[PDB]
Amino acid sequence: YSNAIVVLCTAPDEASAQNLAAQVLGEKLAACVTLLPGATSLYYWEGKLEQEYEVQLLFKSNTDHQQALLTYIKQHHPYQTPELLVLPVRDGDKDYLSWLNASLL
């Protein structure tokens, strides 16, 4: 396995998604943050089935910066309990991983 990771997270709108991405990148806690706006999420919250528009984010980072990234997002997110799921990366293109690794703190 490579040391790269892809962290999934959602935001209520593009404005908040962009602000969070900019903060994370300025702190060098991710190499690239990709936003997928216009998503819809369904889930139960306090006993009711909700259906809300959200932005699905993908934070591309590495294991050496994993906890710092999670902690940062958790403390700079509009939601109290944001989605934060780390996907492992089994392999990647050498040159891309090189760039990803070099971009981080």
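A residue's number is simply how far along the shown sequence it sits, counting from 1.
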Review point. Is the mean CA B factor in the deposited entry higher across 45-53 or across 30-38?
Key: 45-53
Point to revise | Between the two ranges 14-22 and 89-97, the one averaging a larger CA B factor in the entry | key: 89-97
Exercise for review: Consider only the C-alpha atoms of the modelled residues in this chain, order them by B-factor as the entry records it, and name the third containing residue 80: lowest, middle or highest.
Suggested key: highest
Practice item. Select lowest, middle or highest to describe the third in which the CA B-factor of residue 61 falls within its chain in this entry. Key: lowest
Check your understanding: Comparing residue 7 with the other modelled residues of its chain, is its CA B-factor in the lowest, middle or highest third?
Key -> lowest
